[PDB]
Structures are given as structure tokens and as C-alpha cells.
Amino acid sequence: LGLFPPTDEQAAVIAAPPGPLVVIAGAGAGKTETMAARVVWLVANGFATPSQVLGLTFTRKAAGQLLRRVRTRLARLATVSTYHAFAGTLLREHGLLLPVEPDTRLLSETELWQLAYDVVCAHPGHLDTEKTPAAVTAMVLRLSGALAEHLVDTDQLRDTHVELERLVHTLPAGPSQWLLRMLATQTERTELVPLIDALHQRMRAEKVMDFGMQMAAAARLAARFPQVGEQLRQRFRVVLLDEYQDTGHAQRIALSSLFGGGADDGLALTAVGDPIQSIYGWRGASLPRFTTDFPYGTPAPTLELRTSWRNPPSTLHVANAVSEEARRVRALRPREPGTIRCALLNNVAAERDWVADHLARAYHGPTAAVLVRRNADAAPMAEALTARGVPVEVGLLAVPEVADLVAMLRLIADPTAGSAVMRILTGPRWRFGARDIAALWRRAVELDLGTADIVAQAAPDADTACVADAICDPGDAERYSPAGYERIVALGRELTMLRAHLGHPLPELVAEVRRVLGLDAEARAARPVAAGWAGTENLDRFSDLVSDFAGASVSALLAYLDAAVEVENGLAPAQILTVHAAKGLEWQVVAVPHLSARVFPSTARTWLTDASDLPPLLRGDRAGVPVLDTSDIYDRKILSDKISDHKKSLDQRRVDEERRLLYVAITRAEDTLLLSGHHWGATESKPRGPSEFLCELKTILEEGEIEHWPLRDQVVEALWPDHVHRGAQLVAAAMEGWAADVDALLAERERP
DNA sequence: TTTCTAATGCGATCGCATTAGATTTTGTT
Ligand code: SF4
Ligand SMILES: [Mg+2]
């Protein structure tokens with residue numbers, strides 16, 4: 001009645017009776033269109049209202065897609081949000097049984113690093129560590145985000161190296177010195193326990209929290225107080241747990257305590273997901289238990305969705321040959337055969353020319369993409385594709401309109417940042433030449449032996465002969481070019497105007513440096529004609545992050561913009577996307593270009609060779625994640641064999657989550673699919689061989705493969721130091737509503 | 001003026017000097 005016909009296998013998902021129910025929805029099978037097809041059957045045929053619908057996904061986009069596919073149906077015939085927004089609401093209502101304060105602020109990944117580095121550099125003690133601060137606060141932030149993901153709380157972690165150190169110093173076969181290092185990493189978790197515990201005593205003293213503590217608190221309000229769960233169960237009568245294969249441990253005992261731990265059988269609960277696209281489990285660190293954790297005391301049912309819609313055959317002969325014999329539920333089926341083209345070339349740039357030529361002979365002769373494992377690898381491929389004659393799509397503080405705004409702001413606060421003086425003296429406004437830069441250094445020296453003398457400097461007061469106090473004192477014009485002396489007086493008169501504004505608020509500097517600079521008039525003149533009036537998106541994204549910050553503009557806002565270049569890779573601004581980047585996007589032409597060794601399989605620090613990894617005795621996934629025995633170990637050559645076999649079991653498990661990146665990057669196909677992998681890398685004396693996946697797939701397609709069958713050491717350079725010149729003649733010669741607007745603007749300027 | 005890991009391949013199970021790469025990345029009010 002107004003839509004397409006429902007499939008006969010999808011009807012069991014739709015017309016299932018109320019109760020818990022698990023669906024194994026495979027790849028490309030359109031799971032959302034049969035999540036919304038159960039909301040409609042549970043509204044028009046009774047059993048619920050529109051207001052009693054709850055859906056929970058991870059990403060904020062794939063909740064908005066499900067938000068509309070319910071309301072489009074229910075208007076043709078109403079509460080969808082993420083997991084981490086359902087935690088912040090579950091602590092604004094019930095968040096006083098467990099004593100947290102309401103209206104608690106949430107720290108950014110940068111403003112958390114500001115606070116974590118300040119409790120490491122204020123620790124009274126010894127620490128016995130060969131590391132530096134800013135490298136023992138990358139272990140504090142990595143255990144205390146992994147202790148609050150398995151719900152551990154710092155007391156199960158003390159004295160876990162005992163009954164392992166007793167195994168090496170006893171049992172007389174020295175202790176081989178590979179086994180002391182493994183013993184020295186585990187007396188280092190215990191050593192840093194008072195750092196990841198005086199950090200929580202300060203985040204509770206200022207009432208500010210994180211994302212790994214939202215779900216850690218909301219899952220300790222779940223299983224502890226039954227009353228909070230009962231109110232939620234009454235409010236929502238149908239609950240939709242989409243993407244359940246990526247649900248962590250802390251998110252698992254917060255849903256299985258609220259929504260049906262065997263409690264209610266009138267609630268329509270449905271949870272979808274396949275075990276074989278579990279790519280994200282190295283971050284969340286996570287379904288087989290479903291039907292054992294959401295029971296009636298009978299176990300829960302199980303159904304399947306194996307018809308694949310946006311995927312041709314022969315990408316289901318390759319994807320089913322990769323996934324089977326290692327992992328596999330049951331194989332999925334199609335409903336013309338899309339082609340496969342495999343290749344192997346003796347150079348990266350040759351293999352960047354093979355994948356470009358098949359992508360250029362389908363554009364000048366469709367929806368195309370490139371799926372790469374490494375973020376860095378993108379750039380070269382992009383340039384190559386662009387160069388043939390194809391248009392190509394691919395940090396905020398590296399944008400050249402904000403970078404200039406970051407650079408001339410710093411030169412106002414401290415005149416010892418010389419690396420932001422050569423951003424300005426060599427920039428497009430006031431282009432200096434190499435003779436005037438070197439004439440300013442020689443003035444900057446004119447304005448300026450034993451252990452005590454050597455340590456006298458490296459102070460916060462010592463004078464270092466910097467350039468920026470030779471612009472405010474340039475001398476006489478016999479040292480400079482005659483056109484370059486008018487610019488030193490101009491930039492010295494401009495800075496003294498701006499340096500008197502450090503008493504003003506932090507935002508009104510940034511709005512006055514923006515006016516005095518030629519910004520937001522030269523940023524709009526570098527955009528094409530058909531783009532519109534749009535020039536200042538991410539130059540106005542910056543100027544709301546400076547006001548949401550406030551602040552002192554010298555220590556604050558300049559040592560905040562330096563952590564945020566390190567910690568979160570610039571900031572967030574306003575196809576050659578990576579393989580994690582597209583998980584729900586299907587194109588026509590999909591190329592997976594680099595399948596060499598040490599690249600696509602990407603080989604790795606286990607729990608026994610670094611501090612931060614949590615020992616598998618103590619995590620909530622333990623028997624996967626094989627925990628070692630150490631009971632029959634009555635020797636010391638056994639202990640170097642009962643552990644080295646355990647490391648190879650934790651390292652083969654690393655490889656089984658790389659086939660899942662084949663099975664999730666092959667089934668995004670819908671058409672022809674490209675596969676390649678090079679033979680010489682870029683900087684290797686010995687060439688990198690193709691990975692197992694590519695030599696394995698050449699044994700699948702051989703039962704069409706293109707002709708596969710001392711490195712590249714060339715130099716890349718640059719030289720330092722037109723319609724603009726042509727368009728300047730038109731304005732020189734003369735000197736949509738553009739006539740009356742100028743008459744409006746010249747009124748206010750000419751009216752005192 | 002410059003760091004650190006887990007490798008590799010000679011020796012006298014192991015020490016012991018020499019050299020390649022540095023991931024991927026959601027989530028509030
Ligand atoms: S030219 Fe290259 S090597 Fe020289 S300073 Fe610039 S980035 Fe560094
Ligand atoms: Mg020296």
C-alpha cells in the first residue's frame with residue numbers, strides 16, 4: 001500500500017510476535033528497510049504507539065537515517081538517538097542514586113590532555129621510568145580508558161605480576177633476558193596505578209567527565225538499581241538495537257539490565273547484526289551470547305537475511321570464498337555478473353597508473369571511489385588521478401586562511417616565535433625577498449663560557465636576539481631596499497596598534513586581527529563563480545571555537561592551539577576516502593589499490609610487551625582472547641614455550657580481523673571491482689612481496705586477471721620564492737542587483 | 001642539538017651489534 005513488495009524471507013523479521021528476537025543481517029542486504037518495516041507492523045496492527053519507539057545506533061548520521069524512515073512511513077500511514085546520548089539522559093534523570101552531580105561538563109580530547117598532563121607534572125614521587133612526560137600521559141589516558149571500558153576500577157590491577165615473577169626466578173630449567181623485559185613491563189602497570197587514580201580524584205573534584213565514563217557510570221546505574229530500569233521499560237514498548245556487532249562490554253550490561261534480562265515478554269525487542277563485519281573491535285573491543293543474555297528461560301530465536309540487493313554475482317563468489325574456510329553462519333546469495341580485475345605491478349606509481357587508467361577509461365569513455373588502508377597513501381593517488389584529466393575529491397588549523405590568523409596572533413603575544421615570522425614576511429601580503437630577510441637578522445643581532453654562564457641562559461627571561469624586535473626598531477634605511485623599508489615601517493605601525501588590544505576580551509582581538517588583515521575579503525575572491533557567495537565557512541568555524549573557549553590569549557588559546565595540532569590532528573573543519581571511512585557507502589567502481597605485504601595485513605604490541613594493554617585475566621571478553629594457563633609450568637623452558645605459543649595465538653587473532661576488512665570492502669561493490677598490489681615500495685632496499693590476500697585471490701580467480709608478472713629514488717623539489725593580472729586591467733580601464741547594493745552601502749559610509 | 005620498538009642475522013639457548021617504520025578513529029548539551 002504505497003511502497004515496494006516485501007520479500008518472503010523478510011516477513012519473519014516483520015511478522016514476528018512480541019519478545020526478544022535476533023536477526024543475522026548480512027552485507028548490503030538493506031537492514032534499515034526491514035527495521036522500519038517492523039515499526040509499521042507494530043503501529044497499524046496494534047502493540048504500540050508512535051511515541052513508544054526507541055532506536056539506538058552508534059553514529060549520529062545512521063540514527064538520522066533511521067529517524068526519517070520511521071516518520072516517512074508513519075506520515076504515509078519517534079525517538080531515535082545514539083548510545084552515548086542515551087547515557088547522558090539516563091544520568092540526568094536517575095543520576096543521584098549513584099552519586100554523580102547533574103549538569104556535569106564533558107571534556108574534549110584536547111582539553112582532557114590539558115588536564116591529564118597537569119596531574120603527571122605534579123606527582124610527588126619517583127616513578128623509576130626511562131620515559132618522558134607526554135609519554136607517561138599517553139599511558140595514563142590509555143589504561144584509564146580501558147579500565148572504564150571493562151568496568152575494572154584500579155583494585156584488580158594491583159599485584160598481578162606476582163605469581164608470574166615467582167615462575168621465572170624459581171624453576172631451575174639465567175632467566176634469558178627476553179623474559180626479564182616481559183617481567184619489567186608488568187611491574188610498570190602497578191607503578192603507574194597512583195597516576196590513573198589521582199586523575200579521577202581531580203575529575204570528580206571539578207565535576208567534569210569523559211566519554212568512557214558516561215557509559216561506565218550509566219552501566220553502574222543499570223545493574224545496581226532495578227527501579228531505574230523499570231521506569232524505562234514502561235515508557236518504550238518497542239526497542240531497536242541496530243548494529244549490535246560493534247557493541248562493547250560496558251554498553252552490553254547496560255542494555256541487558258534495563259531492557260529485558262529475562263524480565264518482560266510484552267516488549268518487542270529486536271537486535272540485528274552479522275558477526276563477520278566486526279572491523280571496529282580494536283577501539284570498542286567487543287552477539288553469540290545473544291539468546292543467552294536476553295532470554296525469555298528458553299533461549300532467544302534466530303533468523304537470517306541472506307539476500308543481497310546492492311551487490312552483483314561474482315562479488316559473492318569472491319566474498320564467500322574469502323569468508324568461508326576461516327570464519328563461517330551461512331553463505332549469502334544474489335538476486336549481470338559484475339567483473340573483477342586483478343593486477344600486480346613492479347612499482348607503486350606504475351600501479352597508481354594501472355588503477356588510474358581503468359578509472360579514466362570509464363569517465364571520458366559513474367560513481368567511483370578508492371579505498372586505501374593508510375590515510376597518508378591517499379595524497380599520491382589523488383594527484384595521479386587528477387593529472388590524467390579526472391576531477392578528484394579527497395585539519396582546520398592548516399587551512400591557509402586560519403593558519404595566517406593563527407600566525408599573526410602569536411607574533412603579537414610572544415616575539416620569540418620566529419617560525420611564525422617567516423610565515424608572515426614570506427606570505428602573499430608584503431612579499432619579502434631573500435636580501436631583506438637577511439638584512440633584518442643582521443639588525444636583530446646588533447640589538448643583543450663556564451658552567452654557570454652556560455646555564456645562565458635557557459631561562460624564561462634570557463635574551464636570544466630574535467627578529468621581531470628589529471621590526472619595532474628597524475634602524476636607518478641604508479640597509480634595506482627602498483621599497484622594502486616602507487613595509488617594515490608599515491608592519492611595525494600595524495603591530496603597535498594591535499598590541500595595545502591585549503586588555504580587550506580574547507574574542508575581540510580575533511575579530512580585530514581579522515579586520516586589519518585582509519581576511520574575509522580575500523577569502524571570498526579565491527572561490528569560483530558558481531560556488532555562490534560562500535567564502536568564510538571555516539574562518540567562522542574558528543571564531544566560534546575561540547569564543548567557546550573563553551582565557552588569556554597568551555598561555556590560554558595559544559598553548560591550547562598547540563595541543564590540538566598534536567592530539568586530535570588539527571580540528572574539525574567545515575573519492576579517496578579510507579576503508580574505515582566508508583562502511584555503509586556503495587559505489588559503482590571500487591578500487592582497493594595497495595595489497596602488498598606489511599601494508600594491507602598491517603603488521604603489534606601484546607599485553608606482555610607494553611604497560612597500557614590490559615592482561616586478558618582481567619577483561620570481560622575472556623574464554624576468545626586466550627588467557628594462558630601457567631599451572632602445569634613446573635620448569636623454565638616450558639614458560640618460554642607456554643608464552644611464546646600464547647603470543648602467536650594473540651597474533652593470529654590480529655590477522656582474522658584483516659579478512660573482515662576484505663569482506664567489508666569487497667561487498668561495497670554494486671558493479672565492477674578493482675584489485676591490485678605493488679612489488680617495489682618507496683624506500684626499501686629489498687622489495688615488499690604481495691600479501692597473502694592477493695596471492696590467495698589469484699588462486700580464486702584462476703578457478704579475469706590482468707597481466708601481473710632498484711626502487712624509486714627520485715627527488716621531489718620546489719623553488720622559493722594569470723586571470724588576476726588580466727582582471728586587474730578591466731578595473732584599471734574603468735577607473736543580479738549589484739547596482740543598488742553599492743548605492744545602499746555608500747549611503748551609510750557617507751552619513752555621519 | 002635530536003626518539004623507541006620489535007625486529008633481523010652473525011656469533012659463542014643465548015647475548016650481542018646493526019638497521020627499517022611511526023596505523024585506522026563514534027561518541028554531548
Ligand atoms: S624544504 Fe623540506 S627539508 Fe627544507 S625546511 Fe622545508 S620541509 Fe624541511
Ligand atoms: Mg659535539
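Here are a few things to note about the model shown:
- Residue within the range A:562-571 that is within 16 Å of DNA strand B (Cβ to nearest atom), crowded, with 19+ Cβ neighbours inside 10 Å and within 30 Å of A:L662 (Cα to Cα) present: no
- Remark: A:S543 falls outside the filter, which requires a residue to be within 30 Å of A:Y117 (Cβ to Cβ), exposed (fewer than 13 other Cβ atoms within 10 Å of the Cβ) and over 23 Å from the mean Cα position of the chain (by Cα).
- The sole residue among A:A384, A:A378 that is within 16 Å of DNA strand B (Cβ to nearest atom) and within 30 Å of A:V599 (Cα to Cα) is A:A378.
- Residue check for A:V168: buried (at least 17 other Cβ atoms within 10 Å of the Cβ), within 14 Å of DNA strand B (Cβ to nearest atom) and either over 27 Å from the mean Cα position of the chain (by Cα) or under 23 Å from A:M203 (Cα atoms) (or both): yes
- Residues of the range A:351-392 classified as aliphatic (A, V, I, L, M), assigned to a loop (DSSP other than H, G, I, E, B) and surrounded by fewer than 20 Cβ atoms within 10 Å (Cβ to Cβ), total: 4
- On the stretch given as the range A:84-105, residues that are closer than 19 Å to A:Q231 by Cβ, within 12 Å of DNA strand B (Cβ to nearest atom) and not small (G, A, S) total 7.
- Qualifying residue in the range A:233-244 (condition: in a loop (DSSP other than H, G, I, E, B), assigned by TED's automatic domain parsing to the domain that holds A:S278, within 26 Å of the chain's Cα centre (by Cα) and not small (G, A, S)): yes
- For first residues located in the range A:275-301 and within 16 Å of DNA strand B (Cβ to nearest atom), partners that are assigned to a loop (DSSP other than H, G, I, E, B) and among the aliphatic types (A, V, I, L, M) and lie 6+ apart or on another chain with Cβ distances below 7 Å form the pairs A:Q277/A:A27; A:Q277/A:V664; A:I279/A:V664.
- The range A:586-616: number of residues that are under 30 Å from A:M139 (Cβ atoms), more than 10 Å from DNA strand B (Cβ to nearest atom) and over 21 Å from the mean Cα position of the chain (by Cα): 4
- Residues being surrounded by 15 or more Cβ atoms within 10 Å (Cβ to Cβ) and over 22 Å from A:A378 (Cβ atoms) - total across the range A:321-341: 7
- Some residue of the range A:696-711 being surrounded by 19 or more Cβ atoms within 10 Å (Cβ to Cβ) and among the polar types (S, T, N, Q): no
- Per this entry, A:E670 is not counted among residues that are assigned by TED's automatic domain parsing to the domain that holds A:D377 and at negative phi.
- Positions within the range A:174-212 being more than 15 Å from DNA strand B (Cβ to nearest atom), in a loop (DSSP other than H, G, I, E, B) and either exposed (fewer than 14 other Cβ atoms within 10 Å of the Cβ) or not charged (D, E, K, R) (or both), in sequence order: A:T190, A:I196, A:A198, A:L199, A:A205, A:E206
Rundown of residues vs (1) of a type in the set (D, E); (2) over 25 Å from A:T32 (Cα atoms); (3) touching an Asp or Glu at 6+ places or on another chain (Cβ under 6 Å), yes/no style:
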| residue | (1), (2), (3) |
| --- | --- |
| A:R306 | no, no, no |
| A:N320 | no, no, no |
| A:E325 | yes, yes, no |
| A:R328 | no, no, no |
| A:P334 | no, no, no |
| A:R341 | no, yes, no |
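- Within the range A:623-674, being more than 30 Å from A:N320 (Cβ to Cβ), more than 12 Å from DNA strand B (Cβ to nearest atom) and exposed (fewer than 13 other Cβ atoms within 10 Å of the Cβ) holds for A:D629, A:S631, A:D632, A:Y634, A:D645.
The values are calculated or read from the model by the stated rules, or taken from the named source; nothing here is a laboratory result. Note that each Cβ is placed from the backbone with ideal geometry, even for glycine, and that neighbours are counted across all protein chains shown.
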